[PDB]
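Read the single chain below, which is given as structure tokens and is the form deposited in one PDB entry.
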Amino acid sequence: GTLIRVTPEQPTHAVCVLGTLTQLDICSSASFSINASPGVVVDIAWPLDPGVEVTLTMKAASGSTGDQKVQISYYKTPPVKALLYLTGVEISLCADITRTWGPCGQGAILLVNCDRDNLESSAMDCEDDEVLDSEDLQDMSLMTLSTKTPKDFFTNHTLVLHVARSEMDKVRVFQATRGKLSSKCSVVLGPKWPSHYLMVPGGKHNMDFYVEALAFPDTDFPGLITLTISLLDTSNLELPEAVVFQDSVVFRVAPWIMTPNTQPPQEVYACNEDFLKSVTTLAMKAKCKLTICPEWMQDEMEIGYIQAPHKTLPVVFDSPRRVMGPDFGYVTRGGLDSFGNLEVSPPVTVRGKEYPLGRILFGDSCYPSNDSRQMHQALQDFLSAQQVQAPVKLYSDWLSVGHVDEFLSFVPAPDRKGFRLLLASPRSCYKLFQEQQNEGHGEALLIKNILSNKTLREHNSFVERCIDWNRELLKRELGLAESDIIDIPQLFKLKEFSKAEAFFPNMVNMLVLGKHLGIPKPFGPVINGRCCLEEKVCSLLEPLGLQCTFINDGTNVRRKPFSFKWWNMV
């Protein structure tokens, strides 16, 4: 902490903070002995040899300055002595540290005040420069400055709270006052105030602060914010202030987390009345809330959440192409940019490395040709800034649309990993039709006419490899085995610019609510009464206990956040 020296020339005084080891230099100053007061504990880590280091600690904070002393006795010559007077103070900057990384790591958590608790506001609570609603303190992190000092302390000292200027645009701090008709919060630190003096009284006092983050982790922000309290010595009013003790805490800003479809749903939003009827029935069977949206939301939006030990809230993430409320967050950033090209896998363990929140998937090209499309880097960097879900890259530029979710989806399962990966498989659809022709049903209509088509086979051969390419990537990135992947029939054709398009209604990109699957209905209800595509899809999934219904197909789903605490991962 500080360095104390002694001399016979003048009496020496020092202030020591409880818990901080204070260095005392008795050597190199006019054999010696040390006799500390009963209120002071002194040890050694005497021939005035500089290698002899004396460490001071104090038992308790004092109510008066200069209450304790250490008697220094030097010793042929006349007696030589020095008088050291110590003041005991307790200063501690407290924050929620126990709740770096890991289940045994330490550090504070700070959330972005991105919701809109003020119902009359048109902006986020982080954008207002103020606290107008007491409910908003539920989202903010609590910090307490606890001091116990002599009654006359801070006559010669002052306390200053500050943050680094590089962080001044990322954090705002409020101080909570007292009174009867009000208990106002007040702005301490912010875009115009990197530091502020605290009028802390002497004796015992606790001062309370409310902290908000102003931005998510991103390219320009690793996610750590440090708050420092500085004790300055102003005993000499003719000279600049000096520093004698500092303390600080570090906050980690929680990442935005994407929720996979394997998490139990909480609310469908319906932004096609017969479709809505089936969704109402499906939502009912699944015990989900359904919200019709009569008249303020888009299908382009994605729904994530922020997790903390004190407050958890959902956050909408909105398209690059404002909808917010109390405990309902909103974040923005910035062909393949539409969030239909975003997906997140279930939790996986890959060769010993655990991904408890799964991994973020998106589609891209195989190489940067002049025509190949890409997802804007600003979004890739934003998503990668949240290390907790390690994004991966898939191949989707072969599709006319490019949305990765066009060929793959996940469903729950009762065993093994608890889920299955469903991929489009022209191989299975071909066999399905060819088997029916081989059994004598080639005259069925939506089959032998399309099986004979050479162009269709060549187009599906090209696509076949385009999909298997991702099959291998996912097995490597997610650690999947073939026994965990289900082939869903689906044929493709190439159109203008030779991009892949679905031959018949997509059998994935379905609405999944728990164990109830809102599968798009294929237009083949002519083959032997029961569409062969419907029976094949059902047969593949029925052993899993999942309930398949086909809807003759503008919506979103909010889902339960993870029970795992993201800050406990490495």
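Numbers follow the displayed sequence, beginning with 1. Residues that one form lacks are left out of the comparison. Basically, rigid core = biggest C-alpha set you can superpose within 1.5 Å across the two forms.
Keep in mind that the form deposited in another entry is not shown, yet the notes after this line are about it.
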### Task
Choose, among 134, 182, 483, 498, the residue with a C-alpha displacement of 2 Å or more between this form and the one not shown when the rigid core is used for superposition.
182
### Query
Hey, does residue 526 budge by 2 Å or more at the Cα between this form and the one not shown once the core is superposed?
yes
### Task
Have a look at residue 141 and residue 181: in that other deposited form, are their Cα atoms closer together or farther apart than in this form, given the change is 3 Å or more?
closer
## Note on the structure
On a rigid core fit between this form and the one not shown, runs of three or more residues in which every CA shifts by 2 Å or more occupy 177 to 184, 298 to 300, 524 to 528
